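Participant: Once you've had a glance at the structure underneath, I'll fire off some questions.
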Amino acid sequence: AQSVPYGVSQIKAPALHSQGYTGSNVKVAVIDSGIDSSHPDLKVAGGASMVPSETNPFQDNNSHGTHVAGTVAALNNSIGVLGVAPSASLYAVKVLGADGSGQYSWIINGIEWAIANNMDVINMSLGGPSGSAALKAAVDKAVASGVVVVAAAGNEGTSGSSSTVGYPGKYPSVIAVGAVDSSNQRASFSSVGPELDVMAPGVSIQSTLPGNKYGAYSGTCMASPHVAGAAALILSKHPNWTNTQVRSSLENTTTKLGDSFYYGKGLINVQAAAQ
Ligand SMILES: [Ca+2]
Ligand SMILES: [K+]
C-alpha cells in the first residue's frame with residue numbers, strides 16, 4: 001500500500017491532486033547527491049553529473065538526493081510514499097559526492113546546467129557559510145531566465161541576533177525555506193534571519209532511499225523539496241505564470257506562524273497559493 005507522508009498533507013497538496021493538478025510537464029531539477037533511478041517509486045527523466053569522480057547522476061552513493069527527490073515527486077501508485085508533485089519531470093543534477101559534500105564550482109556548473117536545459121524549478125537542499133560572485137551570478141541568471149529557485153535555509157539554528165541562513169538561500173532571488181514539525185513549531189536547527197522566506201515540514205520526513213528503501217530524515221534540506229514540489233503544482237495549474245508570480249503567490253498565502261525572523265511569511269499552503 002502507499003503511505004502519504006504527513007508533510008505532503010500538511011501543505012495541502014492532496015487537494016490539488018484530487019483536482020487533477022499533479023505537476024505534469026514541469027521540469028524540476030534536484031541539485032544534490034544524484035537520484036537512484038532504479039527506485040520503483042521514482043521516475044527520473046534525465047540530468048547530469050558535475051562531480052569528476054562520480055560520472056553517473058543516477059547512482060546515489062549518499063542517499064540524500066534520492067530522499068529529496070521522493071518528497072518532490074514519488075509516484076502516485078500502490079507502493080511507497082507520494083510526492084508533492086507526483087507527475088513532475090524529475091532531473092538528477094549530481095553536484096555532491098558520496099560523502100555529501102561538493103565544491104562550489106560543481107554546484108555552480110549544476111545551476112548553469114539547469115538554466116541551459118530549461119528547468120522550470122530548481123531545488124538546492126544544500127548551503128555553505130559563504131557566497132561568491134559566481135554563485136550569486138548563477139542564481140540571479142536563473143531567476144532572470146524565469147526559473148523558480150528554492151533552497152534550504154540551513155540547519156545552523158540561532159546565533160544571538162545574527163542571520164544564520166546559508167548560501168545560496170541568503171540571496172534575494174532565491175526562496176529560502178526553514179523547517180517546521182507536524183505541530184507547526186519551528187525545528188530547533190532551522191536557520192533564521194531576514195532572508196528566510198517560508199517554512200515547510202522538515203522533521204522526520206519519510207521518503208525514498210536507494211535500493212528500494214524508505215526512511216526518515218530531518219533538516220531544512222527536507223523542507224525545501226516541499227516548496228519546489230509546490231511550485232510545480234502551481235505551474236501545472238497556471239502554466240502562464242512567471243516565476244515572480246509563483247513566488248508571490250506562495251509567500252502571500254501562507255499560514256502565518258511567529259515572527260518572520262524565525263518563520264518567514266509562515267507555512268506554505270499550496271491550495272491557497274494555486275487559486
Ligand atoms: Ca508511491
Ligand atoms: K532568500
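Residues are named by chain letter and number: chains run A, B, ... in the order of the C-alpha cells, numbers start at 1 in each chain, and ligands are numbered from 1 in the order shown.
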For the structure I just gave you, how does DSSP split range 107-209 of chain A - specifically, which residues are helix (DSSP H, G or I)? Reply as an MDAnalysis selection string.
Facilitator: chainID A and resid 107:116 133:144
Participant: Excluding range 65-76 of chain A and residues on its chain fewer than 2 positions from it, collect all residues at most 6 Å away from it, counting only C-alpha atoms, and give them as a list in words.
Facilitator: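 Here the answer would be residues 32, 33, 34, 35, 36, 41, 42, 63, 82, 83, 84, 85, 86, 207, 208, 209, 225 and 229 of chain A.
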Participant: Against ligand 2, which residues of chain A fall within 7 Å? For each one I want the closest pair of atoms and the distance in Å (one decimal), counting only C-alpha atoms and all ligand atoms, rows by chain and increasing residue number, as CSV.
Facilitator:
```
residue,atom,partner,partner_atom_place_in_ligand_line,distance
A:169,CA,ligand 2,1 (K),4.7
A:170,CA,ligand 2,1 (K),4.5
A:171,CA,ligand 2,1 (K),4.6
A:172,CA,ligand 2,1 (K),4.4
A:173,CA,ligand 2,1 (K),6.1
A:174,CA,ligand 2,1 (K),4.5
A:175,CA,ligand 2,1 (K),4.8
A:176,CA,ligand 2,1 (K),4.6
A:195,CA,ligand 2,1 (K),4.7
A:196,CA,ligand 2,1 (K),5.9
A:197,CA,ligand 2,1 (K),6.2
```
Participant: Report as a ChimeraX atom specification: the residues of range 115-231 of chain A with a DSSP assignment of strand (DSSP E or B), based on the backbone of this structure.
Facilitator: /A:121-124,128,148-152,167,175-180,186,198-201,205-209,213-217
Participant: Record the distance separating CA of residue 270 in chain A and CA of residue 138 in chain A, expressed in Å with one decimal.
Facilitator: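 Straight-line distance from CA of residue 270 in chain A to CA of residue 138 in chain A works out to 27.2 Å.
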Participant: Quick one: of A:223, A:246, A:232, A:153, who's nearest to residue 24 in chain A, counting only C-alpha atoms?
Facilitator: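 So, comparing all the options, the nearest one is A:232.
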Participant: Which one of A:106, A:6, A:189, A:214 sits closest to ligand 1 if you count only C-alpha atoms and all ligand atoms?
Facilitator: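 Checking each candidate against ligand 1, we get A:214 as the closest.
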Participant: In Å, how far is it from CA of residue 26 in chain A to CA of residue 13 in chain A?
Facilitator: 15.7 Å
Participant: Hey, which of A:64, A:213, A:94, A:136 ends up closest to ligand 1? Count only C-alpha atoms and all ligand atoms.
Facilitator: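 Among the listed residues, A:213 lies closest to ligand 1.
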